[PDB]
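**Q** So that you have it, the file is input24.pdb, and it contains PDB, N, CA and C atoms:
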```
ATOM      1  N   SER A   1       3.937  36.592 -46.150  1.00  0.00           N
ATOM      2  CA  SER A   1       4.849  35.596 -45.547  1.00  0.00           C
ATOM      3  C   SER A   1       4.113  34.341 -45.009  1.00  0.00           C
ATOM      4  N   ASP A   2       2.974  34.504 -44.299  1.00  0.00           N
ATOM      5  CA  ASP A   2       2.148  33.388 -43.776  1.00  0.00           C
ATOM      6  C   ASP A   2       1.240  32.638 -44.819  1.00  0.00           C
ATOM      7  N   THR A   3       1.556  32.810 -46.110  1.00  0.00           N
ATOM      8  CA  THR A   3       0.906  32.197 -47.271  1.00  0.00           C
ATOM      9  C   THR A   3       1.988  31.443 -48.116  1.00  0.00           C
ATOM     10  N   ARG A   4       2.716  30.513 -47.461  1.00  0.00           N
ATOM     11  CA  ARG A   4       3.804  29.691 -48.078  1.00  0.00           C
ATOM     12  C   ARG A   4       5.017  30.498 -48.659  1.00  0.00           C
ATOM     13  N   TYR A   5       5.382  31.617 -47.999  1.00  0.00           N
ATOM     14  CA  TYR A   5       6.535  32.471 -48.386  1.00  0.00           C
ATOM     15  C   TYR A   5       7.417  32.857 -47.157  1.00  0.00           C
ATOM     16  N   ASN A   6       7.749  31.855 -46.315  1.00  0.00           N
ATOM     17  CA  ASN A   6       8.624  32.035 -45.129  1.00  0.00           C
ATOM     18  C   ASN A   6       9.886  31.144 -45.362  1.00  0.00           C
ATOM     19  N   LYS A   7      10.679  31.461 -46.421  1.00  0.00           N
ATOM     20  CA  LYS A   7      11.917  30.734 -46.809  1.00  0.00           C
ATOM     21  C   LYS A   7      11.611  29.279 -47.228  1.00  0.00           C
ATOM     22  N   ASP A   8      10.820  29.134 -48.328  1.00  0.00           N
ATOM     23  CA  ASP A   8      10.380  27.818 -48.900  1.00  0.00           C
ATOM     24  C   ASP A   8       9.800  26.889 -47.770  1.00  0.00           C
ATOM     25  N   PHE A   9       8.952  27.474 -46.878  1.00  0.00           N
ATOM     26  CA  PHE A   9       8.320  26.791 -45.727  1.00  0.00           C
ATOM     27  C   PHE A   9       9.409  26.234 -44.736  1.00  0.00           C
ATOM     28  N   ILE A  10      10.497  27.014 -44.435  1.00  0.00           N
ATOM     29  CA  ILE A  10      11.603  26.583 -43.502  1.00  0.00           C
ATOM     30  C   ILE A  10      12.355  25.240 -43.912  1.00  0.00           C
ATOM     31  N   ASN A  11      12.596  25.198 -45.226  1.00  0.00           N
ATOM     32  CA  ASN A  11      13.335  24.184 -46.032  1.00  0.00           C
ATOM     33  C   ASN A  11      14.570  25.069 -46.444  1.00  0.00           C
ATOM     34  N   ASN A  12      14.294  26.187 -47.198  1.00  0.00           N
ATOM     35  CA  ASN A  12      15.344  27.142 -47.563  1.00  0.00           C
ATOM     36  C   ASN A  12      15.757  27.988 -46.264  1.00  0.00           C
ATOM     37  N   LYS A  13      15.717  27.416 -44.997  1.00  0.00           N
ATOM     38  CA  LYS A  13      16.171  28.041 -43.678  1.00  0.00           C
ATOM     39  C   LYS A  13      17.556  28.856 -43.685  1.00  0.00           C
ATOM     40  N   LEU A  14      18.211  28.384 -44.745  1.00  0.00           N
ATOM     41  CA  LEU A  14      19.517  28.544 -45.429  1.00  0.00           C
ATOM     42  C   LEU A  14      20.058  27.236 -44.839  1.00  0.00           C
ATOM     43  N   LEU A  15      19.433  25.967 -44.947  1.00  0.00           N
ATOM     44  CA  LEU A  15      20.012  24.774 -44.260  1.00  0.00           C
ATOM     45  C   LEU A  15      20.177  25.005 -42.676  1.00  0.00           C
ATOM     46  N   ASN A  16      19.786  26.230 -42.216  1.00  0.00           N
ATOM     47  CA  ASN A  16      19.767  26.867 -40.905  1.00  0.00           C
ATOM     48  C   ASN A  16      21.202  27.418 -40.721  1.00  0.00           C
ATOM     49  N   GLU A  17      21.419  28.581 -41.428  1.00  0.00           N
ATOM     50  CA  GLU A  17      22.692  29.344 -41.502  1.00  0.00           C
ATOM     51  C   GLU A  17      23.778  28.347 -42.009  1.00  0.00           C
ATOM     52  N   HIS A  18      23.534  27.699 -43.193  1.00  0.00           N
ATOM     53  CA  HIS A  18      24.461  26.687 -43.783  1.00  0.00           C
ATOM     54  C   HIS A  18      24.702  25.477 -42.779  1.00  0.00           C
ATOM     55  N   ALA A  19      23.610  25.035 -42.093  1.00  0.00           N
ATOM     56  CA  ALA A  19      23.545  23.939 -41.091  1.00  0.00           C
ATOM     57  C   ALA A  19      24.478  24.168 -39.865  1.00  0.00           C
ATOM     58  N   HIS A  20      23.893  24.661 -38.755  1.00  0.00           N
ATOM     59  CA  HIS A  20      24.621  24.944 -37.498  1.00  0.00           C
ATOM     60  C   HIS A  20      24.839  23.639 -36.678  1.00  0.00           C
TER      61      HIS A  20
END
```
What would you get if you wrote out this structure as structure tokens?

**A**
Amino acid sequence: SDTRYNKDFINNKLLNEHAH
């Protein structure tokens, strides 16, 4: 996960739960 695999580097956050 700490090697560039934490949700596309917190881009794919899911927009942050589909943008909160």

**Q** State, in Å with one decimal place, the distance from atom C of residue 19 in chain A to CA of residue 6 in chain A.

**A**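 So the answer is 18.5 Å.
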
**Q** Just give me the gap between atom N of residue 18 in chain A and atom C of residue 2 in chain A in Å, one decimal is fine.

**A**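 So the answer is 22.9 Å.
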
**Q** Provide the atom C of residue 1 in chain A to atom N of residue 14 in chain A distance in Å, to one decimal place.

**A**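 The value is 15.3 Å.
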
**Q** I need the residues in chain A that are alpha helix (DSSP H) according to DSSP; give them as a PyMOL selection string.

**A** chain A and resi 7-10+14-17

**Q** Edge lengths and centre in Å to one decimal, as lines of an AutoDock Vina configuration file, of the axis-aligned box that encloses all listed atoms of range 7-17 of chain A with 4 Å added on every side?

**A**
```
center_x = 16.0
center_y = 27.8
center_z = -44.8
size_x = 23.5
size_y = 15.3
size_z = 16.2
```

**Q** Mind rebuilding range 4-15 of chain A with N, CA, C and O atoms and writing that out as a CSV table (one decimal), in the frame of the given file?

**A**
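The new file part24.csv reads:
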```
chain,number,residue,atom,x,y,z
A,4,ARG,N,2.7,30.5,-47.5
A,4,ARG,CA,3.8,29.7,-48.1
A,4,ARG,C,5.0,30.5,-48.7
A,4,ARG,O,5.6,30.1,-49.7
A,5,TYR,N,5.4,31.6,-48.0
A,5,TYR,CA,6.5,32.5,-48.4
A,5,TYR,C,7.4,32.9,-47.2
A,5,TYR,O,7.8,34.0,-47.0
A,6,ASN,N,7.7,31.9,-46.3
A,6,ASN,CA,8.6,32.0,-45.1
A,6,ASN,C,9.9,31.1,-45.4
A,6,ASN,O,10.2,30.2,-44.6
A,7,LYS,N,10.7,31.5,-46.4
A,7,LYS,CA,11.9,30.7,-46.8
A,7,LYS,C,11.6,29.3,-47.2
A,7,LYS,O,12.1,28.3,-46.6
A,8,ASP,N,10.8,29.1,-48.3
A,8,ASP,CA,10.4,27.8,-48.9
A,8,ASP,C,9.8,26.9,-47.8
A,8,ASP,O,10.1,25.7,-47.7
A,9,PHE,N,9.0,27.5,-46.9
A,9,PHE,CA,8.3,26.8,-45.7
A,9,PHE,C,9.4,26.2,-44.7
A,9,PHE,O,9.3,25.1,-44.3
A,10,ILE,N,10.5,27.0,-44.4
A,10,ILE,CA,11.6,26.6,-43.5
A,10,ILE,C,12.4,25.2,-43.9
A,10,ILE,O,12.7,24.3,-43.1
A,11,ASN,N,12.6,25.2,-45.2
A,11,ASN,CA,13.3,24.2,-46.0
A,11,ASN,C,14.6,25.1,-46.4
A,11,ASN,O,15.7,24.8,-46.1
A,12,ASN,N,14.3,26.2,-47.2
A,12,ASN,CA,15.3,27.1,-47.6
A,12,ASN,C,15.8,28.0,-46.3
A,12,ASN,O,16.1,29.2,-46.4
A,13,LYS,N,15.7,27.4,-45.0
A,13,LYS,CA,16.2,28.0,-43.7
A,13,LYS,C,17.6,28.9,-43.7
A,13,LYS,O,18.0,29.6,-42.8
A,14,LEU,N,18.2,28.4,-44.7
A,14,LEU,CA,19.5,28.5,-45.4
A,14,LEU,C,20.1,27.2,-44.8
A,14,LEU,O,21.2,27.3,-44.4
A,15,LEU,N,19.4,26.0,-44.9
A,15,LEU,CA,20.0,24.8,-44.3
A,15,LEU,C,20.2,25.0,-42.7
A,15,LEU,O,20.5,24.1,-41.9
```
